[PDB]
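Residue numbers count from 1 along this sequence. Atoms within each ligand, like the ligands themselves, are counted from 1 in listed order. All values below come from the heavy atoms of this structure, side chains included, with hydrogens, waters and symmetry mates left out.
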Amino acid sequence: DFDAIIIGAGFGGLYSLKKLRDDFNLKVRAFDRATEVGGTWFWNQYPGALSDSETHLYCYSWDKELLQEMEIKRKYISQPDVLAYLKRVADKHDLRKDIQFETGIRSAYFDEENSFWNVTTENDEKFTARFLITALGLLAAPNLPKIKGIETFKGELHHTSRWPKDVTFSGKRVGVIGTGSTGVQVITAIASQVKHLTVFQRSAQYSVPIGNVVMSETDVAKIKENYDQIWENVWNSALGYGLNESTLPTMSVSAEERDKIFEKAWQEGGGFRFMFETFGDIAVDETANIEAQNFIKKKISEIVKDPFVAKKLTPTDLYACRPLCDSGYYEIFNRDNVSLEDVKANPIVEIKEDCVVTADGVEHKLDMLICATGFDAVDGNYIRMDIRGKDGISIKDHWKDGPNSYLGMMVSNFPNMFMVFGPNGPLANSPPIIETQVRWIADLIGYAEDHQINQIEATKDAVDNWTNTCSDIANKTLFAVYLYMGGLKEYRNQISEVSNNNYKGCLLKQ
Ligand SMILES: Cc1cc2nc3c(=O)[nH]c(=O)nc-3n(C[C@H](O)[C@H](O)[C@H](O)COP(=O)(O)OP(=O)(O)OC[C@H]3O[C@@H](n4cnc5c(N)ncnc54)[C@H](O)[C@@H]3O)c2cc1C
């Protein structure tokens, strides 16, 4: 028996454990398949792995001593450092004693008679708890790509999601499949280290510089001395990325001024910065979206000296969502040991013992093939497990037509279960979202313990009304199963209205 069981020991699960155990004095256990804390920052050890938000914001804000104590080494934070930070959090707040590592949860069945969750590990261990905190998503299990004969490759075959240790690159011909955010990081990191790099791009995307530089002692002090305000700005923003979020229309200024504004964001770096600090309507106005793209296309044509290679790199879609971020990606393609294959025009048809073969019949001889096809679904990690709520219905079935929730945290027919960083949540920097949700969920659970209620469930009406809110907002924009896209501040307003009005939309049963 526990008051709560938590699944996941990443950002989400760790803070859930801290809040529920230490601030609400609940008896709680957390579980993870991993051998240590860190979540996706434990699993993803691929070359070039790097946060998308700046170091000083990609962290917890609730421990002020930790803010002052923590190293701010570079403007953005590498995977090994995020892992060390989360391990430090675990150290300081004595969290590991309440985490069971190497423990996959196979199933969670809700008991309506006793108003609690039956949780079964993959080693057939059974636990009971009133509440189930799911801090799971969304890192997809290493699915090898569906390519004929992939199993016959005798060289190294690595998936970015399970990057083994001790990989060396020198003297080797290497191929990478995928040019999403993960592929860009790996490609940029390894190109100078391999004998030859072949990039298999199915779909080109725009990338802007991340502009990751070392932070001076003076840079760090500016942040640490003003940390309270820096966080107040996060809570009062849409993205929580530390940006001066623009309301200026792209076409309201001259062509010369517009170039100047894009150029300033380009020099500073950051994907959301280029899209949201420059102007206020890039994700909304077609003309404005095209202007932004043309700025990046022009950069591609300038950096990549071979116009034919520049062309292949240039996305062909009419409108573009957020760009990726890089630390020298387009530069790579000027190298004599790098080949770009457009495998939309010239697809992979087979993989043989020593090569990737494209539809033109060319045998791309490889010593190593890397799958950076980090391809998933937002509710993938919920669907993967056997979760059953009311009348025994599975989450797989309830979401067969797609993930729907109330406030991104509650699923109708699944009482006493609360999602952290689940589907239909806000579009923003993750750790502020996760803090926002963990604190809301805990206050609700605390409310329940204080009013002697043992069953909390979102009504179908609240769920569909959340679906509606998301839809009305989302369809204002060009892009694009909806996130809530009103921003962090408004998401915080939405959930506050719920908690401030007796948790309307929630069935509270004594
Ligand atoms: C390289 C990289 C950079 C990123 N940068 C940013 C960024 O800058 N800003 C941002 O907002 N987001 C970023 N992300 C996205 C990232 O996923 C989130 O920031 C964050 O890691 C989510 O934390 P989480 O605790 O909710 O989930 P995770 O960190 O993924 O941890 C989930 C854990 O739950 C465990 N788990 C799940 N299911 C089960 C089960 N059935 N049994 C047992 N155990 C289980 C998993 O093993 C996993 O350890 C980045 C991702 C990557 C790969």
Side-chain angles (χ1 to χ4, degrees), residues 5-17 29-60 75-83 85-86 89 99-108 119-123 125 132-141 160-161 163 180-186 189 210 212 234 239-242 270-272 322 324-325 372 374 376 378 380-387 395 408 419-423 425-435 437-438 488:
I5 280 167
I6 293 157
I7 315 182
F11 264 103
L14 293 187
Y15 189 40
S16 296
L17 171 58
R29 196 120 169 110
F31 298 84
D32 201 313
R33 283 185 182 97
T35 58
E36 46 207 34
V37 306
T40 196
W41 295 103
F42 164 76
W43 297 112
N44 292 136
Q45 329 192 299
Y46 65 85
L50 183 70
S51 62
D52 181 70
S53 81
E54 302 175 28
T55 303
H56 67 287
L57 292 185
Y58 192 71
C59 56
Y60 293 121
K75 193 178 229 165
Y76 293 80
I77 184 163
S78 307
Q79 174 264 328
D81 301 330
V82 180
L83 183 59
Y85 168 81
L86 291 177
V89 172
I99 302 172
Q100 193 167 310
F101 294 102
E102 307 193 85
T103 311
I105 299 309
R106 175 174 71 233
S107 70
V119 178
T120 315
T121 81
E122 299 176 30
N123 290 7
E125 220 183 353
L132 179 66
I133 313 300
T134 55
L136 310 177
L138 26 73
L139 189 67
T160 55
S161 178
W163 191 258
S181 53
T182 289
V184 165
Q185 284 169 352
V186 297
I210 192 60
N212 190 21
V234 158
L239 301 173
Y241 266 69
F272 279 130
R322 58 154 304 176
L324 310 175
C325 301
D376 24 280
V378 41
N381 289 151
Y382 284 91
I383 281 178
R384 266 190 80 263
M385 47 190 304
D386 194 14
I387 305 179
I395 193 68
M419 303 190 297
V420 173
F421 205 59
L427 172 62
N429 197 8
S430 306
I433 299 180
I434 286 168
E435 287 188 18
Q437 294 169 345
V438 163
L488 181 56

For this session: May I ask you to check whether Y241 and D52 show a side-chain donor-acceptor distance below 3.5 Å?
Result: yes
Problem set entry | Results of salt bridge (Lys or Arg N to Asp or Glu O under 4.0 Å) for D81 - residues two or more places apart only | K73, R74
Exercise. Is the backbone N or O of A372 less than 3.5 Å from a side-chain atom of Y46, with the two atoms forming a donor-acceptor pair by type?
Worked result: no
For this session: Answer yes if the side chains of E435 and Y15 hold a donor-acceptor pair under 3.5 Å, and no otherwise.
Result: no
Exercise. Once the angle between the rings of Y60 and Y85 is folded into 0 to 90°, is it parallel (under 30°), tilted (30 to 60°) or perpendicular (over 60°)?
Worked result: tilted
Taking a 3.5 Å cut-off between nitrogen or oxygen atoms, can you list every pair linking ligand 1 to the protein, with distances?
{"from": "ligand 1", "atom 1": "5 (N)", "to": "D52", "atom 2": "N", "distance (Å)": "3.2"}
{"from": "ligand 1", "atom 1": "8 (O)", "to": "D52", "atom 2": "N", "distance (Å)": "2.3"}
{"from": "ligand 1", "atom 1": "8 (O)", "to": "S53", "atom 2": "N", "distance (Å)": "2.6"}
{"from": "ligand 1", "atom 1": "9 (N)", "to": "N429", "atom 2": "OD1", "distance (Å)": "3.4"}
{"from": "ligand 1", "atom 1": "11 (O)", "to": "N429", "atom 2": "OD1", "distance (Å)": "3.3"}
{"from": "ligand 1", "atom 1": "11 (O)", "to": "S430", "atom 2": "N", "distance (Å)": "2.5"}
{"from": "ligand 1", "atom 1": "11 (O)", "to": "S430", "atom 2": "OG", "distance (Å)": "2.4"}
{"from": "ligand 1", "atom 1": "12 (N)", "to": "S430", "atom 2": "OG", "distance (Å)": "2.9"}
{"from": "ligand 1", "atom 1": "19 (O)", "to": "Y58", "atom 2": "OH", "distance (Å)": "2.7"}
{"from": "ligand 1", "atom 1": "19 (O)", "to": "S430", "atom 2": "OG", "distance (Å)": "3.1"}
{"from": "ligand 1", "atom 1": "25 (O)", "to": "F11", "atom 2": "N", "distance (Å)": "3.2"}
{"from": "ligand 1", "atom 1": "25 (O)", "to": "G12", "atom 2": "N", "distance (Å)": "2.8"}
{"from": "ligand 1", "atom 1": "27 (O)", "to": "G137", "atom 2": "O", "distance (Å)": "3.0"}
{"from": "ligand 1", "atom 1": "29 (O)", "to": "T40", "atom 2": "N", "distance (Å)": "2.9"}
{"from": "ligand 1", "atom 1": "30 (O)", "to": "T40", "atom 2": "N", "distance (Å)": "3.4"}
{"from": "ligand 1", "atom 1": "30 (O)", "to": "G137", "atom 2": "O", "distance (Å)": "3.3"}
{"from": "ligand 1", "atom 1": "34 (O)", "to": "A135", "atom 2": "O", "distance (Å)": "3.3"}
{"from": "ligand 1", "atom 1": "41 (N)", "to": "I105", "atom 2": "O", "distance (Å)": "3.0"}
{"from": "ligand 1", "atom 1": "42 (N)", "to": "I105", "atom 2": "N", "distance (Å)": "2.8"}
{"from": "ligand 1", "atom 1": "47 (O)", "to": "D32", "atom 2": "OD1", "distance (Å)": "2.8"}
{"from": "ligand 1", "atom 1": "47 (O)", "to": "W43", "atom 2": "NE1", "distance (Å)": "3.1"}
{"from": "ligand 1", "atom 1": "49 (O)", "to": "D32", "atom 2": "OD1", "distance (Å)": "3.3"}
{"from": "ligand 1", "atom 1": "49 (O)", "to": "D32", "atom 2": "OD2", "distance (Å)": "2.6"}
{"from": "ligand 1", "atom 1": "49 (O)", "to": "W43", "atom 2": "NE1", "distance (Å)": "3.2"}

Exercise. Would a distance-only check, ignoring hydrogens and angles, find a side-chain to backbone donor-acceptor pair under 3.5 Å from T103 to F31?
Worked result: no
